[PDB]
Every structure is written in C-alpha cells, then in structure tokens.
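Asks: Sending over a structure as structure tokens; questions will come in a sec.
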Amino acid sequence: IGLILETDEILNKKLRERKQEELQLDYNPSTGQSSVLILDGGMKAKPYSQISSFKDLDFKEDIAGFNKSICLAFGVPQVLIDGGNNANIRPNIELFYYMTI
Amino acid sequence: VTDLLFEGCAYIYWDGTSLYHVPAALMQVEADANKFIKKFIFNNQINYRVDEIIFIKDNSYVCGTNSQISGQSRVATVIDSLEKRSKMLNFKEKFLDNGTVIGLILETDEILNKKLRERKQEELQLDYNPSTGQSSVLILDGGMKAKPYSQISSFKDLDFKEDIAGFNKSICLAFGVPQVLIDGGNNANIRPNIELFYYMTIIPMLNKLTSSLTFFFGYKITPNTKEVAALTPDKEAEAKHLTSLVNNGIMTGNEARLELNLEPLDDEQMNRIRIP
Amino acid sequence: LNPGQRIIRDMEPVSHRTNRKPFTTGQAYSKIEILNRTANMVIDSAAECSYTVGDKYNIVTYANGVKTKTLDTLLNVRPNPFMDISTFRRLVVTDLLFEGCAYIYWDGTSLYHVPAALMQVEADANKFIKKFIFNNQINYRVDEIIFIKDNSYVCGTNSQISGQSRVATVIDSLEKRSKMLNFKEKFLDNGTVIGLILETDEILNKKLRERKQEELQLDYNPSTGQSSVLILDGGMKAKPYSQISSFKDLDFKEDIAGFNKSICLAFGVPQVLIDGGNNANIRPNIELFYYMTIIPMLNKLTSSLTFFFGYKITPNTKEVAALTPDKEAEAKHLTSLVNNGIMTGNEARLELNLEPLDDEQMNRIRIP
Amino acid sequence: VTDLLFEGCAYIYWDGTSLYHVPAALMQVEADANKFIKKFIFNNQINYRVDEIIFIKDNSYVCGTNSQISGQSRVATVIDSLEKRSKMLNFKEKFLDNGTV
Amino acid sequence: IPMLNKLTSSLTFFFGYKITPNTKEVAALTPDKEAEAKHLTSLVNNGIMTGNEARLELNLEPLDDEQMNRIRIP
C-alpha cells in the first residue's frame, strides 16, 4: 500500500475510483510530477505500518545447512564446489579421490 | 555436444566413409529381447539398423528405475531456479513503478475552490524544490493543518541480494564452472582453476564419447588436450623437466622435440640415450 | 548420404533471425557506456590476431588449387582491392557477435564481407545447404560462400543453420538499469524541502504574509543573514513535522552493480580488466580473457576456412603486444633448450623474430 | 588525436610532399556504388578525390546497423553523467544558502 | 596502442610500407637499468646476439670492430 485516506462521509463510488487512479498516476515520479497533496472537506490521512516484512525471512543459513548436508552425504569437499586457491585445490582432489572413491 | 548436454543423448550415423550428426530430439531407442538394442527409430518414420549408429548417453535414473537406454538431460534441472529469479527481478522493478512518493500533506475541514486548490498545489511544488525555486519557510493560515505521515512501506525491506546470489550459484554449479572463472581472481586462483574445470567437467564427457567410438571402431581412441592454448604449460617448467630427463639418459632427444611439437631430427645421436 | 535428411529439412527449412529488437540494440550500443566499452574491447582485441597458414591436406574442396602465397596475402595483408584487412576483420567479428552469423563471398581472388542481417540460409533435402538468399533478391551458390555460425538452440529444437545472437540476451538488463537510474535522478526534481512550518487560525493579509516569508527566509539562513532566535506572538504556532519520505531509502547500489556484472559477464571479460588490480591479478587475467573468450571464436572461423580452402589454418597470437611474454623467462627457456642440444640456434632466432643466420653451425645440434 | 577521439574520425590530405590535417567536423564521406568510397566532401564546398585522403575511423554501430564509413565519438557517451554530477554539486552548495539556522 | 595501430594500419594501407609505432623513446615506459643489463649481457655472452645489436638497443652507435659483429660461441 502506498497511502490510506479516510472519511466518515459516503462518496460516489465511480468518482472515488477515478480519484484513486488520478492520485496513483500523478504522484509516482516515473509517471508524474506532482508531490504535495492538499486534503479538504475532512479526508484524513491514516498512518500505518508494514505489519509483516520480508526482512524476517532470513532463511540464508538454514538452506546453507541443507546444502552442506547434501554435499556431505556424497563426501565431496566444498572447495570442489567453489574452487579456491591452489594450496586448497590441488590437495582437495587427492582427498576426494582417495577417501571417497 | 549441444545434443549431449541439452537432450542427454547423441546419435551419429555412419555411411562407409561419412559421419553425420542425427538430431537427438527425434531419435528413439527400442530395446531388444535378447541383445542390447534392436533398432533406432527416427521420427517414427525411418528405422536405423544397430550397426549403423554410434550412440552416447548420459546417466539416467528415472521413475525409481535405474535406466539403461535413456539419458537424463543436464539443463532440465535448472529451469526451476531461472523462473524464481526472474520473478524476483520483475518484482524488484515493478515495485518502483507502483511506488508512491509524497512530499507534504495539508488538511482542512473547510471546502475549497477546486481550481484554486490545484493552482496552489502547483505553486507550492515548483517553489519549494531547491532545483526549481528559492522559498523554504511555509506559513499556513485560516486553519490548514500539516499532517505528519510516514513511509508505510519502504524499498529498504527488499534485500533480495543474497537470494538471487544463491540462484546464480545454483546455475553456475549445474554446469560445474568455478566462480573464479566468472570473476577472475589472483594468479594462484586462476591458473589451477582452469585445470580444475577442464579435468573434472569436460574430460569425463569426452571419455564417454571416446569410449563409445573405441567400442564402435575398435581402435584405441582418446582425447588430446595439448593443442588447447588455455592449458599449455609454462615455458619455464617444461624446459627443466625435459632437459633433466634428456641429460640423465631417460628420454631420447627426438622424443623431446616431439613433445615440443618439433619435427624429429634425423641425426642418429638424437635417437640415442646418453648415459652420463 | 543421410536418409533422415529429407525429414530434418522439414524441421527448419529456412533460417530465421535471432537478433530481435535491432533498433533498441543500436540505441543501447550508441548510448550505454558499459556495452560500448566491452564490445569495443572484444572487437578491437580479436581483430589483431595474425593468421598462420600451415600444410595442405590432400582432400578436394571448393576453393581448389589456390597457391599458399596468395591465400596468405589475402588473409594477412589485403582481402580485396578496396578494403583494408582491419576493417574487414572488424566487420566480420561485428556480424558474428551481434547477429550470430557471418558470410563471406569469394570471387577467384577476392573475399568480400556480406552483411549478415540480409542473408538467409535455405536447407537442402539431401546435402547440407541448398543456396544462400540475399535480401530475397539474389541467390549465392553454395561453393561461393564461407559461412560461420555461433551455437543455436531455438524453440526447443537444437538448430542447424541458424545462429544465436550473443548481445540479444543482454537488453533485458540494460532497460531495468536505465529505469533505476532515471528514477534515482527524478526523485530529486520531484523532491520537496521545507525548512519551517508556522500556523494560525486567524486569517492574514496575503501580501504581507508573503513579504514576511521572504524576510524570514533571507534572514535566518547563515549564508544570507545573521539572525537565529525567533519570537512568535499573537498565537502563531510552530508545527513539528518530519521528512515523510527520504533519499536514504534509495539504496540502489548493489542492484545496479548486479546489472553491471551481468553485462560484463555476457561478453566474458574479467572485472580485473575493468578495474586494474595488482600485478599477480593483471598479468594472468589477460591470458584468461584471450584464451577463453577470443580463441574459441577464432577457432570457429579458422575451422571454417580450413574446411573451405583445405589448408591447415590457425591463428597466431605472438604478434599481440599484450600477450608477448616476459623478456627474462623466454631467454632462460630458449638458452637452456639450445645449450642442451634439443633445439637448433636458428629455431631460437626465429622464435625471437630474428632472421636465420646462414652459418651452418647455427643449424646444428650441440650435444654437450 | 583530438579529432579521432572527439569526433570519432580523422582525415589527412596529401600533396606530393605534404600531409595536412583536415578538420573532421567539416568532412563528409560519400559511398561508392561499386568501390568502397566515391569522394570526400568538405563543408559541401570542395570534393577531395579518394586517392588524396588518408581516412581513419573508430568503431561504429548506429541505429541498429553496423556502420561502415561512420565513426562513433568516444566522448559523446560521457555527457549524461557530467550533467547529473554537476546538478548534485550545485544542490549540495545551494542547500547551504537556502538554509535557516 | 590499439589507437596507434588503427592509424598505422591506415598509413601502411596508403603508402604500402610497413609502418608501426615505437614506444622505446617514451621515458615513462623505459625499462629498469638493472634488468635490461642482465638480459642483454646473458644473450650476448651465450652467442645468441651480436654486440652491436646490444649497442643499438642501448641507443649506442655500432662500433666498427669486426668482432663486435661476431657471435661468440662459448
């Protein structure tokens, strides 16, 4: 939601819908220029907040754990999934070959 | 290689003295009851005899049966991720076009002449912005109230960055190309990673192909990398390797010339071991 | 021949283009910096590889019987009486990259670039290709064209004949990035910056109110004026307010960086070449860029020329000043091979670009 | 080098035993129907014969056509940014003079 | 160097001579006095390069003593 406006009056539905589309196209900087808004006749702007946010879906470590489990069940080092430095890479191939295969 | 990667199979006709690629999407393999394969069917419209096709297949475990005959597509496992990532990217864009950016809210219980109200809005908008205009203090009279507000949903909460990075890693991993090749790193990173990519990913594919050709022709057949400019070893190490083996009488001179791509030289001594 | 050909022919009887959006692509290349730079780096780097002409295979071919010295002069020196070698190469590489195909006419003793956007390929029912159609207005015979194509997987068919455009995959990102940048600008011009709000229930003489606003504005700013305390009387109230939407929430920086990486990746140029790094970074990265990206392209081209002429043909990098090896290592390599009697002296002179010296010993191996 | 960088083209006359720079902003190239280039036109007011000019051009991809003859300016791609930066800097200054303390 | 290669390739097309740019006048590039001496000395003593070729690369006039234009084998 971008904005909430509120009244105790009853408003003509067709004109209300038109007004919503005018505000939406005018205020966005991509579409339109206008930015100040003047309310009259008692329309009130209602403050609100994002009651549930994408920020709380910090899955990132849990899925990483599952990837490690899968990678571990076969027994392939992560350096082979990434590629690292020389000192990492050349011994890890021998690790993978000798221990697993 | 396109057919082998995307479909998971490849077929080649042979015609005495010709090899022809045959599109893998149109072939079909029919199992024999006694031998391995009875015939190959193309587009349901022609049957190739078994001794006239060279057949290659990737691994296959299907519907809970380990599968002879069939081949798993490699690329088929990646599409799920390409969809989700595209969705996020489109959402990331479209939130901006659906956006709504307010600078100020003014409010009254009176009713105001609409045409003059619109003019006043345009005057305030052009005057207050520093780019357009100078004025900055605002004096309200007759009871217009300034209403405090807040951005009820913000772009800050679209921290997609790690999730899309995960999807890129998945795609990059399905082919099996190290990220150092997508970035470029330091020397110690870069030079071994090329050998990692070549030996682990490509050489098993070519071993599948060459083992099928050695089965068909019966010759020993195997791939040579040493034409590849990417792999070609360092001019320093190779010289000390070859020199030390040559002087200690393990390897003849012309064998070294050959390994350096040079024509053998017919001086007999060049095909002699030197003991000391 | 191939019994299936009559069927394959019907799967794709005529080529079709893949560089849709040609106009917006030409706009992008003409207007967006990172595309222009990366494309120019690729074209200008590939154009300066020399070609070496090798031995001749005995098999028969189309371009029969051409003497090696002529072919060498055409490839290395002068493609035709009217156009240089560098312009010819850059045109061919431009077509190969942008459209995904390249075509070259041959006319006894001339090679001419033919624009890839106007050619079309018609499949034969028995052989590979029947004829090439230019602008629907002239047909070239098959043994008079050299044809190159990039990979192609189209509409769920692996595609002979056709070629995928490389650049076509990048436009989606160039649009989105431009949108963000324009939004990033325009939010500033749509902005609104208030310094103070004063309020009354009385009604005030408009002309005097405007004068008072201009007096306060000029007086209070430290650049213009001195005064800083403010005394309000008669009931003017100062209304507290807050910035209801702030520039701080436009933290675009990583998203646009992602799009730059995508563009940079589509050509396959390492970021170290866009930045410049340390020596250990920089010197290997040039070899990475050359060998992985450019040399496969030139191998596509040279394999098509060896098919057409029948000579062995392959590209030589050793003219390239960027690649040319370190003066120290090369000397110890060559010296050690020469003294240990693996390589003759004149072979080393040759590798150092020096003319062979006719002293017989210079063409002898020295054993000790 | 100035002409080659800024305009994207450079032209040099030759006169037996003289080379003269010819300003790239005033030259124009006319395509031949059989050969490469028919003649060079200077300021619409003199035509140079083809064997009397040395011609250099940077890369060119224009209006969706890969372009012979023409050359892309290098510097032309930079102006968009120089404007925006200047705007920010001016705003950064003027906020201080519009200030109120 | 790509810019100058564009220019020189146009001049070689026009005149027909081989034409190419030399950097070695550029004071910025000019190599380190230590490395260059060991490079040149080692190539000269091992009989790959004649003496006057080294003088030339050091911007020195060739010296007319015949031996200076001879290879020394050992």
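Residue numbers start at 1 in each chain; chains themselves are named A, B, ... in the order of the structure tokens; ligands are numbered from 1 in the order shown.
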For a quick test of understanding: name the residues of chain C lying within 12 Å of chain A when counting only C-alpha atoms, and present them as a list in words.

Replies: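 On the chain C side, the interface is residues 179, 180, 181, 182, 183, 184, 185, 186, 187, 188, 189, 190, 191, 192, 193, 194, 244 and 245 of chain C.
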
Asks: Using only C-alpha atoms, which residues of chain B come within 9 Å of chain D, and what is the closest atom pair for each, with the distance in Å to one decimal? Give it as JSON lines, sorted by chain and residue number.

Replies:
```
{"residue": "B:130", "atom": "CA", "partner": "D:91", "partner_atom": "CA", "distance": 7.2}
{"residue": "B:131", "atom": "CA", "partner": "D:91", "partner_atom": "CA", "distance": 7.0}
{"residue": "B:134", "atom": "CA", "partner": "D:98", "partner_atom": "CA", "distance": 6.9}
{"residue": "B:135", "atom": "CA", "partner": "D:98", "partner_atom": "CA", "distance": 7.8}
{"residue": "B:136", "atom": "CA", "partner": "D:98", "partner_atom": "CA", "distance": 7.3}
{"residue": "B:137", "atom": "CA", "partner": "D:100", "partner_atom": "CA", "distance": 8.8}
```

Asks: Write out as CSV the residues of chain D that have any atom within 8 Å of an atom of chain E, one row each with the nearest atom pair and its distance in Å to one decimal, counting only C-alpha atoms, sorted by chain and then rising number.

Replies:
```
residue,atom,partner,partner_atom,distance
D:54,CA,E:14,CA,7.0
D:55,CA,E:10,CA,7.1
D:56,CA,E:7,CA,6.5
```

Asks: Restrict the selected residues to N, CA and C atoms and save them as a PDB file, in the first residue's frame.

Replies:
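Wrote it out as again26.pdb, contents follow:
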```pdb
ATOM      1  N   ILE D  54      43.850  10.349 -46.485  1.00  0.00           N
ATOM      2  CA  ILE D  54      44.044   9.262 -45.542  1.00  0.00           C
ATOM      3  C   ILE D  54      42.927   9.351 -44.519  1.00  0.00           C
ATOM      4  N   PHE D  55      42.202   8.255 -44.342  1.00  0.00           N
ATOM      5  CA  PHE D  55      40.980   8.214 -43.555  1.00  0.00           C
ATOM      6  C   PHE D  55      41.103   7.237 -42.400  1.00  0.00           C
ATOM      7  N   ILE D  56      40.713   7.675 -41.206  1.00  0.00           N
ATOM      8  CA  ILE D  56      40.728   6.828 -40.020  1.00  0.00           C
ATOM      9  C   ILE D  56      39.367   6.938 -39.355  1.00  0.00           C
TER      10      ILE D  56
END
```

Asks: Using only C-alpha atoms, find the one residue out of A:98, A:93, A:67, A:62 that sits nearest to residue 199 in chain B.

Replies: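 Of A:98, A:93, A:67, A:62, the one nearest residue 199 in chain B is A:93, counting only C-alpha atoms.
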
Asks: Do you know which residues are at most 10 Å from residue 76 in chain D counting only C-alpha atoms, after dropping those on the same chain fewer than 4 positions away, and could you put them as an NGL selection string?

Replies: (:C and (30-31 or 33)) or (:D and (5-8 or 72 or 80))

Asks: Would you save the residues from that selection as an mmCIF file, in the first residue's frame, using C-alpha atoms?

Replies:
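Result saved to part03.cif:
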```cif
data_model
loop_
_atom_site.group_PDB
_atom_site.id
_atom_site.type_symbol
_atom_site.label_atom_id
_atom_site.label_comp_id
_atom_site.auth_asym_id
_atom_site.auth_seq_id
_atom_site.Cartn_x
_atom_site.Cartn_y
_atom_site.Cartn_z
ATOM 1 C CA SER C 30 25.117 4.060 -29.133
ATOM 2 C CA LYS C 31 24.144 5.343 -25.679
ATOM 3 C CA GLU C 33 28.717 3.117 -21.809
ATOM 4 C CA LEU D 5 38.872 10.939 -30.019
ATOM 5 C CA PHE D 6 36.194 13.641 -30.003
ATOM 6 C CA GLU D 7 34.563 13.303 -33.421
ATOM 7 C CA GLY D 8 35.489 9.668 -33.997
ATOM 8 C CA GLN D 72 31.301 6.689 -33.103
ATOM 9 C CA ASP D 80 24.925 12.324 -19.477
#
```

Asks: Output as a PDB file with N, CA, C and O atoms, in the first residue's frame all residues of range 71-156 of chain B that backbone DSSP marks as strand (DSSP E or B).

Replies:
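Saved file result.pdb follows:
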```pdb
ATOM      1  N   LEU B 104       4.383  16.307   1.072  1.00  0.00           N
ATOM      2  CA  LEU B 104       3.735  17.031   2.155  1.00  0.00           C
ATOM      3  C   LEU B 104       2.247  16.722   2.112  1.00  0.00           C
ATOM      4  O   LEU B 104       1.695  16.449   1.046  1.00  0.00           O
ATOM      5  N   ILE B 105       1.596  16.772   3.272  1.00  0.00           N
ATOM      6  CA  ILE B 105       0.144  16.659   3.344  1.00  0.00           C
ATOM      7  C   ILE B 105      -0.424  17.811   4.157  1.00  0.00           C
ATOM      8  O   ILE B 105      -0.022  18.029   5.303  1.00  0.00           O
ATOM      9  N   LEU B 106      -1.382  18.522   3.568  1.00  0.00           N
ATOM     10  CA  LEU B 106      -2.094  19.626   4.193  1.00  0.00           C
ATOM     11  C   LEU B 106      -3.579  19.311   4.220  1.00  0.00           C
ATOM     12  O   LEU B 106      -4.096  18.629   3.334  1.00  0.00           O
ATOM     13  N   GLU B 107      -4.269  19.814   5.239  1.00  0.00           N
ATOM     14  CA  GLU B 107      -5.580  19.286   5.573  1.00  0.00           C
ATOM     15  C   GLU B 107      -6.454  20.396   6.134  1.00  0.00           C
ATOM     16  O   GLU B 107      -5.973  21.290   6.833  1.00  0.00           O
ATOM     17  N   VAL B 137      10.559  28.526   3.977  1.00  0.00           N
ATOM     18  CA  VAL B 137       9.602  28.623   5.072  1.00  0.00           C
ATOM     19  C   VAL B 137       8.185  28.596   4.511  1.00  0.00           C
ATOM     20  O   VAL B 137       7.925  29.061   3.395  1.00  0.00           O
ATOM     21  N   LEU B 138       7.253  28.038   5.280  1.00  0.00           N
ATOM     22  CA  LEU B 138       5.849  27.993   4.892  1.00  0.00           C
ATOM     23  C   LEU B 138       4.954  28.454   6.028  1.00  0.00           C
ATOM     24  O   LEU B 138       5.065  27.955   7.150  1.00  0.00           O
ATOM     25  N   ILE B 139       4.064  29.396   5.733  1.00  0.00           N
ATOM     26  CA  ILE B 139       3.150  29.972   6.713  1.00  0.00           C
ATOM     27  C   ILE B 139       1.726  29.596   6.333  1.00  0.00           C
ATOM     28  O   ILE B 139       1.244  29.965   5.256  1.00  0.00           O
ATOM     29  N   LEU B 140       1.052  28.872   7.217  1.00  0.00           N
ATOM     30  CA  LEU B 140      -0.309  28.410   6.998  1.00  0.00           C
ATOM     31  C   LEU B 140      -1.258  29.244   7.841  1.00  0.00           C
ATOM     32  O   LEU B 140      -0.976  29.536   9.006  1.00  0.00           O
ATOM     33  N   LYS B 145      -4.025  22.531   8.406  1.00  0.00           N
ATOM     34  CA  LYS B 145      -3.160  21.776   9.298  1.00  0.00           C
ATOM     35  C   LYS B 145      -2.205  20.906   8.498  1.00  0.00           C
ATOM     36  O   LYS B 145      -2.595  20.288   7.505  1.00  0.00           O
ATOM     37  N   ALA B 146      -0.950  20.868   8.929  1.00  0.00           N
ATOM     38  CA  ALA B 146       0.028  19.938   8.382  1.00  0.00           C
ATOM     39  C   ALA B 146      -0.076  18.601   9.104  1.00  0.00           C
ATOM     40  O   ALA B 146       0.022  18.545  10.332  1.00  0.00           O
TER      41      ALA B 146
END
```

Asks: Can you list, as a ChimeraX atom specification, every protein, DNA or RNA residue that comes within 8 Å of residue 6 in chain C when you count only C-alpha atoms, leaving out same-chain residues fewer than 3 positions away?

Replies: /C:3,9-10,125-126

Asks: Using N, CA, C and O atoms, can you write the selected residues to a file as a CSV table (one decimal), in the first residue's frame?

Replies:
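What ended up in part.csv:
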```
chain,number,residue,atom,x,y,z
C,3,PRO,N,19.7,-40.8,-44.8
C,3,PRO,CA,18.3,-41.0,-45.1
C,3,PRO,C,17.4,-40.0,-44.3
C,3,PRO,O,16.3,-39.6,-44.9
C,9,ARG,N,15.3,-31.7,-43.0
C,9,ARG,CA,15.0,-30.5,-43.8
C,9,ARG,C,13.7,-29.8,-43.4
C,9,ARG,O,13.6,-28.6,-43.4
C,10,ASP,N,12.6,-30.6,-43.1
C,10,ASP,CA,11.3,-30.1,-42.8
C,10,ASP,C,11.3,-29.5,-41.4
C,10,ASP,O,10.3,-28.9,-41.0
C,125,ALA,N,17.5,-30.8,-49.3
C,125,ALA,CA,16.9,-32.0,-49.0
C,125,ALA,C,17.8,-33.2,-48.9
C,125,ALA,O,17.4,-34.3,-48.3
C,126,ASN,N,19.0,-33.1,-49.5
C,126,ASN,CA,19.9,-34.3,-49.5
C,126,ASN,C,21.3,-33.9,-48.9
C,126,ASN,O,21.8,-34.6,-48.1
```

Asks: Could you produce a table of the residues of chain C lying within 7 Å of chain D, with the nearest pair of atoms per residue and their separation in Å rounded to one decimal, using only C-alpha atoms, ordered by chain and increasing residue number, as a tab-separated table?

Replies:
```
residue	atom	partner	partner_atom	distance
C:22	CA	D:64	CA	5.2
C:23	CA	D:64	CA	4.7
C:25	CA	D:64	CA	6.1
C:26	CA	D:64	CA	3.8
C:27	CA	D:63	CA	6.1
C:29	CA	D:61	CA	6.8
C:30	CA	D:62	CA	6.5
C:31	CA	D:77	CA	6.0
C:33	CA	D:77	CA	6.1
C:82	CA	D:36	CA	5.9
C:83	CA	D:36	CA	6.9
C:195	CA	D:100	CA	6.9
C:217	CA	D:100	CA	6.9
C:220	CA	D:100	CA	4.5
C:221	CA	D:100	CA	3.7
C:222	CA	D:101	CA	6.4
C:223	CA	D:97	CA	5.0
C:224	CA	D:97	CA	6.5
C:228	CA	D:101	CA	5.6
```

Asks: I'd like the neighbourhood of residue 39 in chain D as a list in words, where a residue qualifies if any of its atoms comes within 12 Å (using only C-alpha atoms), though same-chain residues fewer than 6 positions away should be ignored.

Replies: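 The residues satisfying every condition are residues 27, 28, 29, 30, 31, 32, 33, 46, 47, 48, 49, 50, 51, 52, 53, 55 and 69 of chain D.
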
Asks: In Å, rounded to a single decimal, give me how far CA of residue 344 in chain C is from CA of residue 50 in chain E.

Replies: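 Computing the Euclidean distance for CA of residue 50 in chain E and CA of residue 344 in chain C yields 17.3 Å.
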
Asks: Find the residues near range 97-100 of chain C: any atom within 8 Å, counting only C-alpha atoms, skip ones fewer than 4 places away on the same chain, and give them as a ChimeraX atom specification.

Replies: /C:17-19,93,116-117,149-150,163-168

Asks: For chain C, list the residues within 7 Å of chain B, counting only C-alpha atoms, and write the list as JSON, numbers by chain.

Replies: {"C": [176, 189, 191, 192, 193, 194, 195, 196, 197, 198, 199, 200, 201, 202, 203, 204, 213, 217, 241, 242, 244, 245, 249, 250, 270, 271, 272, 280, 281, 284, 285, 291, 292, 329, 333, 337, 340, 342]}

Asks: Counting only C-alpha atoms, which residues of range 112-206 of chain C fall within 10 Å of range 35-58 of chain C, and what is the closest atom pair for each with its distance in Å at one decimal, ordered by chain and rising number, as JSON lines?

Replies:
```
{"residue": "C:167", "atom": "CA", "partner": "C:35", "partner_atom": "CA", "distance": 9.3}
{"residue": "C:170", "atom": "CA", "partner": "C:35", "partner_atom": "CA", "distance": 9.2}
{"residue": "C:171", "atom": "CA", "partner": "C:35", "partner_atom": "CA", "distance": 9.9}
{"residue": "C:174", "atom": "CA", "partner": "C:35", "partner_atom": "CA", "distance": 8.9}
```

Asks: Keeping only N, CA and C atoms, write those residues as an mmCIF file, in the first residue's frame.

Replies:
```
data_model
loop_
_atom_site.group_PDB
_atom_site.id
_atom_site.type_symbol
_atom_site.label_atom_id
_atom_site.label_comp_id
_atom_site.auth_asym_id
_atom_site.auth_seq_id
_atom_site.Cartn_x
_atom_site.Cartn_y
_atom_site.Cartn_z
ATOM 1 N N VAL C 167 24.531 -10.735 -28.015
ATOM 2 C CA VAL C 167 24.062 -9.480 -27.426
ATOM 3 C C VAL C 167 22.570 -9.472 -27.115
ATOM 4 N N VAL C 170 21.274 -9.533 -23.496
ATOM 5 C CA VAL C 170 21.648 -8.502 -22.532
ATOM 6 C C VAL C 170 20.634 -7.363 -22.400
ATOM 7 N N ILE C 171 19.756 -7.172 -23.384
ATOM 8 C CA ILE C 171 18.948 -5.957 -23.424
ATOM 9 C C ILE C 171 18.019 -5.870 -22.226
ATOM 10 N N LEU C 174 19.767 -3.939 -19.486
ATOM 11 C CA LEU C 174 20.040 -2.544 -19.811
ATOM 12 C C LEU C 174 18.809 -1.674 -19.655
#
```
